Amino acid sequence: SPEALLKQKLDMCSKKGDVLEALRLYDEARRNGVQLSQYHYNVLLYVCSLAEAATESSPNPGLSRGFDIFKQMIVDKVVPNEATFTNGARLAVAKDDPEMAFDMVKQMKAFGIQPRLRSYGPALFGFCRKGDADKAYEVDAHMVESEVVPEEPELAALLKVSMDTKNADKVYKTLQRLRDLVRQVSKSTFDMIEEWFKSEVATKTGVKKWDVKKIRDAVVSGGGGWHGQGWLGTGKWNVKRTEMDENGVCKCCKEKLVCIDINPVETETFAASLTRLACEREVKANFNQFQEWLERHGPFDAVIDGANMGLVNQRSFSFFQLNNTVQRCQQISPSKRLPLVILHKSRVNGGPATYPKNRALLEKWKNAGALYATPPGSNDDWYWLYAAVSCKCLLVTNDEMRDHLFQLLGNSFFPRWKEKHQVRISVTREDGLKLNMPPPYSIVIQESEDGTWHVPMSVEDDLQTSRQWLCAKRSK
């Protein structure tokens, strides 16, 4: 078969590195009238993205023609898959021509193809490195119009280019976007925000007086913790690295941060999403069986990730640590409810249940309506997550919750829900086990009614490392 031969020939070069031969085969396929498929086109694109940018003369044919092949694939109405956007993008990144990267995205839109976030990157970042703010905002406007949602890298780029070109409006809007989409910022973004607030442009923006009533209503309207009506106050900013105490009180300025509400409608939307995603990966009957059991049980004040509580900081499963966590959760329940323990069926049988009194207690929890053993082969993370969300209660787990399953849940609602519901254990030599409860305020960029800002840095584990904030408040 002709296209099967081209597949095989293109699989070979390049797993060999041979761009020249891939390009020869490309032009040959056209002279023979063999129509290239999706698979062929992807291999071509990947292979061309192995070519390098000529630090000495005219661009290399592999990069130049790489774009031309991309252009052709779309013209041919050949559907792009995830490999296409990835290869298309590394092509764009290798070339490092923001204008050409932008053309690729304009072409996808032309032909009704949804561009991906990685498609926009080389265009956005290209312009940003060259200080071309206007071009950067064009790419941004295009990305927004395509309903592609930026992440922290894209926003930090936009923030930097806005700072570089003294655009206080665009700084404000980007900072709002960071609040809305990212919440807590990386070290480098944090440093950049700090620079902004200390800068001459920031000193010189603002208003001496404003419609206090309009700010009030914007606070209500936004959900709390910001107003979005623009820079307030005048003069130099006092900008300090600081911390919040356990009550959300800024140690620098004594402002008490807001606890921002979660709309219960969003929670019901998320619960439905969860069921949909779980039933796509679990045996549907196993997940449904849990849902039905949960409907006949409760109420619960807490759900325990049993495997994580048995295992976190242990060389092997500790029934002690699970049992101590169960008792501590029951003690803080106002009515002393046992928590719902989610445990693998594999973990109820064998050991920790090696010791008969432990076995008998696990069965006691099950008979009290407070243990569900997840079937062999199931991913029990769907089960304790769905239980806590559905029962509207505390979730006791030290699971990071940023491994693949959890990337599926998104970066808007889930991180806000987690902050309000997640209980983590910590253990010391001196005191034993401690429950670390959700904070009584929201750990997010906040903008006060008088225009004062508090910006949280993102950390690995805020129990391990004490979270730094920026306090930015006008001097007079």
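Rigid core (definition): largest C-alpha set, two forms, superposition within 1.5 Å. Each residue number is its position in the shown sequence, starting from 1.
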note = When the rigid core is fixed in 7 other deposited structures of this protein, C-alphas move more for 57 to 65 or 415 to 423; answer is 57 to 65
inquiry  = Stretch 397 to 405 versus stretch 140 to 148: after rigid core alignment, which one is farther off in C-alpha RMS in 7 other deposited structures of this protein?
reply    = 397 to 405
ask   = Looking at the other compared entries that model both neighbours, is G351 missing coordinates in at least a third of them?
value = yes
ask   = Between 237 to 245 and 174 to 182, which has the higher average C-alpha B-factor in the PDB entry?
value = 237 to 245
query = Taking the recorded C-alpha temperature factors, which stretch has the higher mean, 324 to 332 or 140 to 148?
reply = 140 to 148
key: Identity of residue with top Cα B-factor, from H40, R429, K420, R424   = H40
task = Identify, among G228, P339, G223, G351, the residue whose C-alpha carries the highest B-factor in the deposited PDB entry.
result = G351
inquiry  = Looking at the temperature factor on the CA atom of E447, which third of the chain's modelled residues does it land in?
reply    = lowest
query = Hey, what third does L36 fall into on Cα B-factor, ranked over its chain?
reply = highest
ask   = Hey, what third does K187 fall into on Cα B-factor, ranked over its chain?
value = middle
note = Among the modelled residues of its chain, the C-alpha B-factor of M100 falls in the third labelled highest
request  = Would you mind ranking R296 by its C-alpha B-factor against the rest of the chain and naming the third, lowest, middle or highest?
outcome  = lowest
